[PDB]
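All remarks here apply to the structure that follows.
A short reminder: the numbers here are calculations on the coordinates, not readings from a lab. In this analysis, Cβ positions are derived from the backbone assuming ideal geometry, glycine residues included, and neighbour counts consider all displayed protein chains.
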Amino acid sequence: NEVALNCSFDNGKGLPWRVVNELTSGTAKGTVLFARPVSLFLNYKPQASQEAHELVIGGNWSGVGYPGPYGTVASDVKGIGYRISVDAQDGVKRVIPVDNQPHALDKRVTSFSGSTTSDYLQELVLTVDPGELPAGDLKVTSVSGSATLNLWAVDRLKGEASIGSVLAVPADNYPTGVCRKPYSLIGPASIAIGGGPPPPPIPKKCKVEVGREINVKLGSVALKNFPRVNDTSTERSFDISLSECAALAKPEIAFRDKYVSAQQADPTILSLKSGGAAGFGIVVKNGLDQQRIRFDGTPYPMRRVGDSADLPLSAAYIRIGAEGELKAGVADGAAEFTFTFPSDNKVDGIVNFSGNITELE
């Protein structure tokens, strides 16, 4: 129970962040995504005293007037909040509060050894619904704003200051060098306290096998089956799917005509490879929105089911020519599709349509 002088806080062995809970569309507000246990060395020089002394460890957040959802201070990443608490010797978890004054969260019996530890729990909390979360990785590097984390090691007469109360910091400087000044952490430093790695990012992508080909057989149809322009063959159903998707992945898919580069007068009509049938095209219908796909590069959202994302599709021949224009033959078309997470620029696959326009039934 000696007097503490010249306090300083120093980093211990730094732990990696751990996943308390998995982020999911099902994750509730207030859930703890990540947590880390931090241990700091508290060093001071003892000097003998007649009266018993205590080292009172205090904390408070300054630079913001009031706390955020779930006792958090806003993180640089929106919808994710930072909360830090001390694992007190009395066996109580106490969160450092947002207040103008520091609060007494722990005490340490003073000793000549001049060495002790301060123990904390770091927590990253979801303050919004997962859908509400921003696009991108979501890595947390810093607290938002000017908010600063203050740790106070303060020497006091044993038992004079109550735990859980505002921590009074004496006006006096004796004995010269008494422990009174704060340790203030700003921005990434508050997040990076105690050393160790930065929080991990959240994955937002599905697994894409590049060069994937899909073949759809439209079959053979006689010209007599398309009496009027805008008439179509029987629909063929197919699905374009992605698997091993991250919980919060929301990918999109875009299509281009393999044979046409310029913007089409009507991009709902996919072109046939030339030297075959004439006056016909292919139409593909989006199962979700119920509208025909445009093959100009418009991106389409995909449905999410379990770990996979898919777009349900159906395809058919459509008659575009007037009476003179129709010709029979091989009817083949191709659509290149790209996925954006958004993270794709290269073509990621092709859909091949094959079939025939025949004269005789």
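For segment 202-361, the alpha carbon positions stretch 59, 29, 24 Å along the principal axes, listed from largest to smallest. Cα centroids of segment 327-350 and segment 36-58: how far apart, whole angstrom? If we compute the Cα centre of each part, the gap is 68 Å. Restricting everything to alpha-carbon atoms, can you work out Rg to Rh for the chain with a Kirkwood hydrodynamic radius? Using only Cα positions, Rg/Rh for the chain is 1.31.
Local charge for residue 158 was computed over the other residues whose Cβ lies under 15 Å away, with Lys and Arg +1 and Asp and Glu -1, and equals -4.
Largest first and in whole Å, the equivalent-ellipsoid semi-axes of segment 1-69 read 38, 17, 10, each the square root of five times a Cα gyration tensor eigenvalue.
Taking the average, over residues, of other Cβ atoms within 10 Å as the packing measure, peptides 233-239, 101-107 rank 101-107, 233-239 from highest down. Placing a pseudo-label 7 Å from each Cα along the Cα-to-Cβ vector at residue 186 and residue 92 gives an inter-label distance of 3.3 nm.
Rg of the Cα atoms in segment 1-201, relative to 2.2 N^0.38 Å, amounts to 1.08. Rounded to two decimals, the Cα-based Rg/Rh of segment 43-127, with Kirkwood Rh, is 1.08. By the rule of a C-alpha distance below 28 Å, with chain neighbours fewer than 8 residues away ignored, the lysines paired with residue 139 are 13, 29, 78, 93, 204, 205, 207, 250, 346.
Ranked by the mean number of other Cβ atoms within 10 Å of their residues, highest first, the peptides 330-340, 259-269 fall in the order 330-340, 259-269. Between residue 32 and residue 166, the contour length at 0.36 nm per residue exceeds the Cα-Cα span by 45.5 nm. Largest GNM mean-square fluctuation among 85, 39, 274, using the chain with Cα springs under 10 Å: 274.
Kirkwood analysis of segment 162-295, using all unique Cα-Cα pairs, places the hydrodynamic radius at 22.4 Å. Both numbers refer to the Cα atoms of segment 103-190; Rg and Dmax are 18.1, 57 Å.
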